[PDB]
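Shown next, in structure tokens, is the structure this report addresses.
Per chain, numbering begins at 1; letters A, B, ... match sequence-line order. Hydrogens, waters and symmetry mates are skipped; everything else that's a heavy atom, side chains included, is used.
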Amino acid sequence: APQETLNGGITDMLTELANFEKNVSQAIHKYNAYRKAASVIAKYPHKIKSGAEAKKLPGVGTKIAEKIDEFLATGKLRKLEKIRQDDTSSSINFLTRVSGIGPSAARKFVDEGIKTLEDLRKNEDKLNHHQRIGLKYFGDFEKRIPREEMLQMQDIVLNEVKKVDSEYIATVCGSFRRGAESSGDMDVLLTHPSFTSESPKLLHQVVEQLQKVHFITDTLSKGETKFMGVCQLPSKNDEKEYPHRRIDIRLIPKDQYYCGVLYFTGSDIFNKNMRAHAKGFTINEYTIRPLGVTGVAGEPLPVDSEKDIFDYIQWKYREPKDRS
DNA sequence: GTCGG
DNA sequence: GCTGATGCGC
DNA sequence: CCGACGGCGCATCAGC
Ligand SMILES: Nc1nc(=O)n([C@@H]2CS[C@H](COP(=O)(O)OP(=O)(O)OP(=O)(O)O)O2)cc1F
Ligand SMILES: [Ca+2]
Ligand code: NA
Ligand code: NA
Ligand code: NA
Ligand code: NA
Ligand code: NA
């Protein structure tokens, strides 16, 4: 992609606006509007000279064009400069960095004068379990995970899953599967021949084994098909500890596995494109369905490889590396 | 906020 | 007790 | 003008 020195001032401005819309205004559609605009501008291979120029791009409209004109004329946006100074809004925005504190919790905290991590720390009884864990690992959860460490993590997960039952299949998806040099977390998809579209404790026994070997250290949420938690690589006799990392584990039916793998591999942006580009078809995380004459989705087609799904749409098979 | 019925 | 709604992360 | 904009699983809240 183009160098960030091209339009980084504009992209950074739009992303900061997007965050205030999500976290303070609770205006999720304006957050996505600003993100879309920032993304289309990030990809534009020219230094923008005017709001009119940017307005030609899809997702940039009248108001972002006007903001780009103020930014180019002054190096700032009055509106952003003001909200950055605002103790209430800045504090709400900041607290949403804690995993489990969304815009609603953040506002409620700030309204009670709880505005900093220090205030959260003093008020543990006002936090739910997930929020306590997000606070405990605030710094670690914002660190990226080098690929080297992801491989070590993958080694542990695959070894322990097979130890519980050698018929499991486990696949690390997300940016790792796309060969990224670092990841934000570990996404694991799990299946087992006994669990299909029509069919005990298959997710639990895996989570329990990873806990028994002290890889999984905390649990954010855990149901029959989705686990969200925290893990940590072991360190040698005295290296400093590794950071705690986020890990998800999803149990998916065997006959929907490849649609699962495709979906959770991503990127989010690739999937949107692959879905939008689907001829008389609709693809979700579970299935690929042929749309009828009226646009109604019919029955799921059988799938025994990611490629089958590319075939159905006559889409040129991209490998995970090329789904960016 | 942007798009498009 | 329970159902359904909302918040949340992704 | 005005509605769509992603949808899922789990934790927790609101209310019967
Ligand atoms: N909000 C999201 N909704 C999605 O459907 N997705 C889908 C399902 S998961 C897949 C991309 O996965 P992630 O969200 O794990 O992001 P990633 O692994 O590509 O990136 P990162 O290394 O986790 O930062 O695309 C992603 C989202 F972030
Ligand atoms: Ca991920
Ligand atoms: Na609002
Ligand atoms: Na435009
Ligand atoms: Na948060
Ligand atoms: Na109810
Ligand atoms: Na993820």
query: In the 5'-to-3' direction, what one-character label does each nucleotide of nucleotides 4-14 of chain D receive under the scheme B = base within less than 4.0 Å of a protein heavy atom, S = sugar-phosphate only, - = no such atom?
result: -BB-SBSSS--
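Computed from coordinates, the A/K22 NZ to C/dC8 P distance equals 10 Å when rounded to whole Å. A/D248 has its CG atom 18 Å from the P atom of C/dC8, to the nearest Å. Look at CD1 on A/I28: it is 11 Å from P on C/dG9, rounded to the nearest Å. If you measure from atom CG of A/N23 to atom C1' of C/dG7, you get 13 Å, rounded to the nearest angstrom. One atom, CD1 of A/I10, and another, P of B/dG1, lie 17 Å apart when rounded to the nearest Å. C/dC8 atom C1' lies 17 Å from atom CG of A/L135, rounded to whole Å. Spacing between atom CG of A/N19 and atom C1' of B/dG1 amounts to 15 Å, rounded to whole angstrom units.
Judged by the sign of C1'-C2'-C3'-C4', B/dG1 carries a south-puckered sugar.
Distance alone, capped at 3.5 Å, is enough to place a donor-acceptor pair between the A/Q131 side chain and the A/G100 backbone. Without hydrogens or angle criteria, A/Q232 side chain to A/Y242 main chain gives a donor-acceptor distance under 3.5 Å. Remark: the backbone N or O of A/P243 is not paired with any side-chain donor or acceptor of A/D140 at under 3.5 angstrom.
One finds the NE2 atom of A/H244 at 10.5 Å from the CG atom of A/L233 (value rounded to the nearest 0.5 Å).
When each of C/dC8, C/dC10, B/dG1 is scored by its nearest atom to the side-chain atoms of A/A105, the top-ranked nucleotide is C/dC8.
Side-chain contact check for A/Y34 and A/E16: no donor-acceptor pair (N or O, by modelled atom type) lies under 3.5 Å. With no hydrogens or angles considered, no side-chain donor-acceptor pair links A/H130 and A/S221 at under 3.5 Å.
Looking at A/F281 and A/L291, their side chains never come closer than 4.5 Å, going by heavy atoms from C-beta outward.
Atom P of B/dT2 sits at a distance of 23 Å from the matching atom of D/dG7, rounded to the whole Å. A gap of 15 Å separates the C1' atoms of D/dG6 and C/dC8, to the nearest Å.
Near DNA chain C, defined here as any heavy-atom distance below 4.0 Å, the residues from residues 86-102 of chain A are A/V98, A/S99, A/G100, A/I101, A/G102, listed numerically.
At a threshold of 4.0 angstrom between heavy atoms, the contacts of A/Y31 with the nucleic acid are absent. Contact annotation for A/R35: no contact, since no heavy-atom pair falls under 4.0 Å across all strands.
Looking at every heavy atom in both residues, A/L251 comes nearest to A/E224 through CD2-O, 3.8 Å.
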- request: Mind running salt bridge (charged side-chain N to carboxylate O under 4.0 Å, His left out) on A/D238 and A/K236 for me, showing each step along the way?
  value: CA-CA 6 Å; A/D238 201 286; A/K236 209 49 261 177; over 6 Å; no
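Listed by first then second residue, pairs satisfying salt bridge (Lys or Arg N to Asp or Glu O under 4.0 Å) with a partner in residues 301-310 of chain A read A/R177-A/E306, A/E306-A/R323, not counting sequence neighbours.
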Below 3.5 Å between N/O atoms, which protein atoms pair up with nucleotides 3-5 of chain B? Just atom names and distances, please.
unit_1	atom_1	unit_2	atom_2	d
B/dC3	OP1	A/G59	N	2.8

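In this view, A/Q314 and A/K279 satisfy the side-chain hydrogen bond (donor to acceptor under 3.5 Å, both in side chains) rule, not counting sequence neighbours.
Taking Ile, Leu, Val, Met, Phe, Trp and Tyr as hydrophobic and joining them when side-chain heavy atoms fall under 4.5 Å apart, one finds A/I28 in a cluster with A/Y31.
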